[PDB]
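Only one chain is shown below, in C-alpha cells, and it's the form deposited in one PDB entry.
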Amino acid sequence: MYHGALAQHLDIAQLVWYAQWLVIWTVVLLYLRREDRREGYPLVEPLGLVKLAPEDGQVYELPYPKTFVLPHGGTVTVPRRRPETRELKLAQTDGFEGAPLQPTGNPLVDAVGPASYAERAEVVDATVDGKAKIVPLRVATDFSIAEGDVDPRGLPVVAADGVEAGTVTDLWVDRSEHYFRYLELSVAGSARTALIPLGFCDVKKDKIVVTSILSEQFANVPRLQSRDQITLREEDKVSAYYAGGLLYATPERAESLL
C-alpha cells in the first residue's frame, strides 16, 4: 500500500496540483485583474448616434469601490467616473480608430501628447505635519546643499540650442524626503521665473544644461499661482512641459529617429 494513494490512478499530489492552478487563476483573474481597473475604466469610445446602454461586462470587470481616508482630510473613492472635458487641440491623421492624433497648435502650450498633464488636485502636497512639501530654499531655511555638491544658484541655464536662457536663483526641496526636485531660474528677457524638474537638468560645475527645450521655449513654461508654493497639478503641468520638448522642441524630433 502507498501513502497518498486514493484510487486506481488518483493521488494527493495530483489533486493539490489542480487546486494550486485554481487558486492562482482565481486570484489573478477575479482579484488582481480587477484591482488593475481602479483607474481609467470604463473604457471610452466615440459615440455614433444612439448608444448609451452600459454593457454587463463593464460592471463585471470592475471591483467594488474603495475609499481612501486622506491624512489631511477628505476622501478619494476609486474607481469613479472621471471624464476629461478639457478640449484637446488634436486632429485625427487618418480614419480608423487606431490612427494617431496630431496637434493643431503648439503642443507644449496646448499640453497634448507627451506634453499632457493629469487632472490632479489643485492642492499643495503636504508633509506629515501639515506643511507645504515642495518649497524653495528661500523658504526651507533649515535645509541646505550637502557640502561637496554644486550650488546651482547664480549659474546660467543653457538650452538645447546652446543659448543661455536664464539664471538659476533657487532650488525647491522635498521636505518629506530631503531631496531636491526642482530648480528655479530667472528667464532671460522676461519678468518671470520658471521651475524645471531636476531630472531635466544636467548639473555641471559652471552651468546647468537643458536639452529638452530651446531657450525661446522657457518663456511659455507653465506659471505657478504662488511664488513659494506649488500644487500637485502645477507639478504635473511643469514636468509635462519639458517632457513635451523631447518630442516637439524641433520639427525633426517627432520624425523617425533613423
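Heads up, when I say rigid core I mean the largest set of C-alphas that superpose within 1.5 Å between the two forms. When you see a residue number, it is the position in the sequence shown, counting from 1.
Only in words, not in the display: the form deposited in another entry, which the text now covers.
Problem set entry | Residue from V139, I145, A121, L88 whose Cα, after superposing the rigid core, lies 2 Å or more away between the shown form and the other one | Comparing the C-alpha positions, the one residue that moves 2 Å or more is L88.
For this session: Answer yes if the Cα of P156 shifts by 2 angstroms or more between the shown form and the other one on a rigid-core superposition, and no otherwise.
Result: No; that C-alpha moves by less than 2 Å between the shown form and the other one.
For this session: Once you account for a change of 3 Å or more, let me know if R80 and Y117 sit closer or farther in the other form, using their C-alpha atoms.
Result: Note: Cα gap between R80 and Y117 shrinks in the other form.
Exercise. Which way does the C-alpha gap of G244 and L88 go in the other form, closer or farther, given it changes by 3 angstroms or more?
Worked result: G244 and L88 sit farther apart in the other form.
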